[PDB]
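Encoded as structure tokens, the following chain is the form deposited in one PDB entry, with no partner shown.
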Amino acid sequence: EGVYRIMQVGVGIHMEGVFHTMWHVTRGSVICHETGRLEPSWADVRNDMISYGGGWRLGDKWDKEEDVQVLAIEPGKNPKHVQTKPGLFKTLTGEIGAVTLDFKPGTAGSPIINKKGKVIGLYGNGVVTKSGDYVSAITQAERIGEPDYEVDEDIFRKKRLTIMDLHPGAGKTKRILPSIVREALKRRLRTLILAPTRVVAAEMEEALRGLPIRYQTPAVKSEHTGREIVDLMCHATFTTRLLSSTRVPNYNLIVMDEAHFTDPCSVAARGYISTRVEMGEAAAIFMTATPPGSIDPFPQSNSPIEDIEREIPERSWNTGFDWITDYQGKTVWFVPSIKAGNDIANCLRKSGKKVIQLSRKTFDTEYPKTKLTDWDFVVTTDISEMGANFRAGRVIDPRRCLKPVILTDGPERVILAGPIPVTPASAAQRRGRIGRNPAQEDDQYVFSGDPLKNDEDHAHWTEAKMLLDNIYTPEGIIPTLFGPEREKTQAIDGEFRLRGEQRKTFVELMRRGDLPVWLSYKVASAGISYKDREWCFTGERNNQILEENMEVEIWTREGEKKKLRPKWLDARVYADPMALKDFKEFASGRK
């Protein structure tokens, strides 16, 4: 591994298991060699260069007196070393040396030697003097990259939790997670990997090809094999197994991906995992760019982001916002709801734009379209904040969302407050969809408004508590919320504990009935059987559910016409058509 001939259009150096060359040659693609290993890792354009494989690996500069010679591995010819006295190209940022050698287009990327020793710079970029003859600047990366990663050790110590935080570069899935799993298998650990969504879990399987990875489905309450494998499952799958199985594996290493997920199941999962760590029975790793103890809406990125603040349409527009459609790249747009999404998406197609819409229940079947199809826009709810990757150049983020809130004033009900501003963490994740890939145009994060920090009225913290104290363990131990997220609720521990058949109904209401946690709890803690659906009709006048401006009526399981009017009103069962369709299927006694 010394030097090569990029095909010739350019030349590279093969040091450090990384490949050093320039952006203007071969753009930003792959070089085909045996056993592969070729893909963009870092790029710069002021200093024309695309070091890939690793960050960088070229040390020392040429000073100001040392003579520097250039290799001449040119197309059709042999390598011809040529000694020169380096000149000086004075710029605004600083004067860098510039050698004057006569070479033909295609030899760009040849190494220059530090008088005696290794490479001191990269030849193949300069300007022509109309009066003079030839010139090329001594362009060199300064300073170096990271370059690669190796795993720390108390990461695997029992009774230690490790929050591994960094921006959407960054390799937490493609290079870091497999490095951890591989090190885990060497130490023969019962390892659990948790993903937020099934599609993200799919991205882990491909990233973990060659490793004993077994994806675990929620249709199974537990699965044990004498063979030593690694369990891969969704956060919610982990929680439901904790609620439905006694045979709970005592994993000694648990790795949660996207540990910022505020879904009631994810929070509860963090609550349980944290507790197992306190028992000195497991090691935990929480991977997320925005841990609960952070509020930076504009985190770092591995490519320059143009943060633009301007007015953004909340609904259908007709004139004014020419910048939205005049943009000729791919755009990801975050909307607070599916209703808002449709209103936005419909106006976009009128302008002749290919639009794909995304939501929680349509994520698995629409997200693959964002890869196969050529598209102009992607309208999404806050679901894309968790591991959703796009090949876009711009994000339009109104920073608005819907927030489930449990109203205590009077009869308890769950409303979907909003559109209210998102959390500082959420804004960072929406932004982090871009600035991942080095492009000639820096990515644009177009946003509006400021994020709000306080989300202690969010129903999910209470819902996560309801899930937690219904998880039984080798006691006397009560599972509580994960440290930072503990102050989000004033609920006393164990106050949501149910017993036997009530606890059983509670789980089935969620799993078989597809009901929200709060709604499932109210019914189950009321003593109502699962198959009994009479509470769906014995509600107050104001608890009448509407569907496209008309009062919903349901044909019961016996063949009777009743108005959909639940005793407890959770706004999330009739928020969108797909949610309402499912709940009507439940109230009918069809599932």
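If you superpose the two forms and keep the largest set of C-alpha atoms that fall within 1.5 Å, you have the rigid core. Each residue number is its position in the shown sequence, starting from 1.
Peer 1: As stated in the PDB record, which stretch has the larger average Cα B-factor, 452-460 or 263-271?
Peer 2: The deposited B-factors put 452-460 ahead on the C-alpha mean.
Peer 1: Hey, which bit's got the bigger mean C-alpha B factor in the entry, 189-197 or 337-345?
Peer 2: The stretch with the larger average C-alpha B-factor is 337-345.
Peer 1: Name the one of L232, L467, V127, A388 with the greatest CA B-factor according to the PDB entry.
Peer 2: Most elevated C-alpha B-factor of the set, per the entry: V127.
Peer 1: Tell me which of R433, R214, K85, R315 tops the list for C-alpha B factor in the record.
Peer 2: Checking the PDB record, the top C-alpha B-factor among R433, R214, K85, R315 is at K85.
Peer 1: For the chain shown, is the CA B-factor of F447 in the lowest, middle or highest third of its modelled residues?
Peer 2: As the PDB entry reports it, the C-alpha B-factor of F447 lands in the lowest third of its chain.
Peer 1: So where's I471 on the chain's Cα temperature factor ranking, which third?
Peer 2: Answer is middle: the recorded C-alpha B-factor places it there.
Peer 1: Quick one: classify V277 as lowest, middle or highest third of the chain based on its Cα B-factor.
Peer 2: Lowest third.
Peer 1: Thinking about Cα B factors across the chain, which third does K562 belong to?
Peer 2: According to the entry, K562 has a C-alpha B-factor in the chain's middle third.
Peer 1: Should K531 be placed in the lowest, middle or highest third of its chain by the C-alpha B factor in the entry?
Peer 2: According to the entry, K531 has a C-alpha B-factor in the chain's middle third.
FYI, the form deposited in another entry isn't displayed, but the following is about it.
Peer 1: Can you spot, among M256, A283, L515, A108, the one with a CA shift of 2 Å or more between the shown form and the other one after core superposition?
Peer 2: Once the cores are aligned, the residue moving by 2 Å or more is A108.
Peer 1: Note yes or no: does the Cα of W62 move by 2 Å or more between the shown form and the other one after the core is superposed?
Peer 2: Shift at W62: 2 Å or more after core fit.
Peer 1: Using a rigid core superposition, assess whether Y134 undergoes a CA shift of 2 Å or more between the shown form and the other one.
Peer 2: Yes, its C-alpha moves 2 Å or more.
Peer 1: Core superposed first: is there a CA shift of 2 Å or greater at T538 between the shown form and the other one?
Peer 2: No, shifts by less than 2 Å.
Peer 1: Tell me whether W56 and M164 end up closer or farther apart in the other form, going by their C-alpha atoms; the shift is 3 Å or more.
Peer 2: Compared with this form, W56 and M164 lie farther apart in the other form.
Peer 1: If the CA atoms of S179 and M49 move by 3 Å or more in the other form, do they move toward each other or away, so closer or farther than here?
Peer 2: Distance between the C-alphas of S179 and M49: shorter in the other form, by 3 Å or more.
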